[PDB]
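Only one chain is included here, represented as structure tokens and corresponding to the form deposited in one PDB entry.
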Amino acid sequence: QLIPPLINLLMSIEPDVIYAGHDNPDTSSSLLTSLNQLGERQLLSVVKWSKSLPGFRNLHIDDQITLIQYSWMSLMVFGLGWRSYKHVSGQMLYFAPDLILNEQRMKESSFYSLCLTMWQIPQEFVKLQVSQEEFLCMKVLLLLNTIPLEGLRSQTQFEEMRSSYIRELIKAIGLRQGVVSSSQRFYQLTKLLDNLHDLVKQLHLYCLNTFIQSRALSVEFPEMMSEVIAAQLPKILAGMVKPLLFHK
């Protein structure tokens, strides 16, 4: 009625809750393994989600693959941010119902520092009071927020898709937001998206370091996650992609 049909569809295709399969006393290595196992399960969920996301299946299959490989980390941390905001008021990192971390569980300095970086998202969600409708449109824009330096095969269709979801984000903002306030809120949400490129860079570096050192660290990386990391992370970290920005 009052909620636009595409937003209602986005709510209906959200994945169901995903467990890490964590058994909970962790070591640094067991915790990292558990996080990678959860990552493997979420990656599957992302791909299934993509198959139902209006517009995405109409891009060339190579372009679909490329976009999933470029955005998976961003989608994972954005979803972590939503779940932390919804379930624990942004005050713990709710990776899964069986893997919720508070400060006590963040021993190693490097991992704590990474968690402080991830924590900026749920903090911003709390501050701006992001709604489920906003979040769902923002999440699609994230899937569509980086492309190859030479563009996609389906560039035209891609651009149309991105425009449609930007229009839908404006509808989402209009559900609660005035013409000026609604403009200012658009700015605020699209700047959050721009700022995620820098944030995810830290997560990409940490993951690739952990992956290269995995045998030494006694950390296991499952096959699907290992493939996305080997297929694109070094290239992404090297800057050999084109991040899309809403502001400059």
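All residue numbers are counted from 1 along the displayed sequence. Only residues modelled in both forms are compared. By rigid core we mean the largest C-alpha set that fits within 1.5 Å across both forms.
A.B. asks: Between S226 and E227, how many deposited residues lack coordinates (none, 1 to 3, 4 to 9, 10 or more)?
C.D. replies: Gap between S226 and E227: none.
A.B. asks: Look at the stretch from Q132 to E133 and count the residues of the deposited sequence that the entry does not model, then pick none, 1 to 3, 4 to 9, or 10 or more.
C.D. replies: Gap between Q132 and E133: none.
A.B. asks: As stated in the PDB record, which stretch has the larger average Cα B-factor, 208 to 216 or 60 to 68?
C.D. replies: 208 to 216 has the higher mean C-alpha B-factor.
A.B. asks: Higher average CA B factor in the deposited record is what I'm after, so tell me if that's 179 to 187 or 32 to 40.
C.D. replies: Mean B over CA atoms: larger for 179 to 187.
A.B. asks: Checking the entry, which one of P122, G79, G174, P97 has the top C-alpha B factor?
C.D. replies: Max CA B-factor in the entry, restricted to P122, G79, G174, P97: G174.
A.B. asks: Could you look up the Cα B-factor of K127 in the entry and say which third of the chain it sits in: lowest, middle or highest?
C.D. replies: Middle third - that is where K127 ends up once the chain's C-alpha B-factors are sorted.
A.B. asks: Going by the recorded CA B-factors, say which third of the chain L10 sits in, lowest, middle or highest.
C.D. replies: Tercile = lowest for this residue's CA B-factor.
A.B. asks: Based on the deposited C-alpha B factors for this chain, I'd like to know if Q202 is in the lowest, middle or highest third.
C.D. replies: For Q202, the deposited C-alpha B-factor lands in the middle third.
A.B. asks: What third of the chain does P148 rank in for C-alpha temperature factor, lowest, middle or highest?
C.D. replies: It belongs to the middle third of the chain when residues are ordered by C-alpha B-factor.
A.B. asks: Sorting by Cα B-factor within the chain, modelled residues only, which third would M106 end up in: lowest, middle or highest?
C.D. replies: It belongs to the highest third of the chain when residues are ordered by C-alpha B-factor.
FYI, the form deposited with a partner chain bound isn't displayed, but the following is about it.
A.B. asks: Just checking whether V180 would be counted as a contact of its partner chain in the bound PDB entry - the rule being heavy atoms within 4.5 angstroms.
C.D. replies: Residue-level check for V180: no, no contact with its partner chain.
A.B. asks: Hey, in the bound PDB entry, is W72 touching its partner chain, heavy atoms inside 4.5 Å?
C.D. replies: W72: contacts its partner chain in the bound PDB entry.
A.B. asks: Does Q37 reach its partner chain in the bound PDB entry, with heavy atoms at most 4.5 Å apart?
C.D. replies: Because no heavy atom of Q37 falls inside 4.5 Å of its partner chain in the bound PDB entry, the answer is no.
A.B. asks: Given that the partner is absent here, does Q64 sit within 4.5 Å of its partner chain in the bound PDB entry, heavy atoms only?
C.D. replies: It does: once its partner chain is placed as it appears in the bound PDB entry, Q64 has a heavy atom within 4.5 Å of it.
A.B. asks: With its partner chain left out of view, which of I68, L199, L193, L31 would have a heavy atom within 4.5 Å of it in the bound PDB entry?
C.D. replies: The option sitting close enough to the partner is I68.
A.B. asks: After the core is superposed, which of these residues, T156, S109, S89, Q129, moves its CA 2 Å or more between the shown form and the other one?
C.D. replies: It is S109; the other listed residues stay below 2 Å.
A.B. asks: So, does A238 move by 2 Å or more at the CA between the shown form and the other one, with the core held fixed?
C.D. replies: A238 C-alpha, core-superposed: shift of 2 Å or more.
A.B. asks: Closer or farther apart in the bound PDB entry, the C-alpha atoms of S113 and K235, for a change of 3 Å or more?
C.D. replies: Closer, not farther.
A.B. asks: Check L199 against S110 at the C-alpha atoms and report closer or farther in the bound PDB entry, compared with the shown form; the change is 3 Å or more.
C.D. replies: Compared with the shown chain, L199-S110 is farther in the bound PDB entry.
A.B. asks: Could you list, in sequence order, the stretches of three or more consecutive residues moving 2 angstroms or more at Cα between the shown form and the other one on a rigid core superposition?
C.D. replies: Moving stretches, in sequence order: 106 to 110, 211 to 215, 225 to 239.
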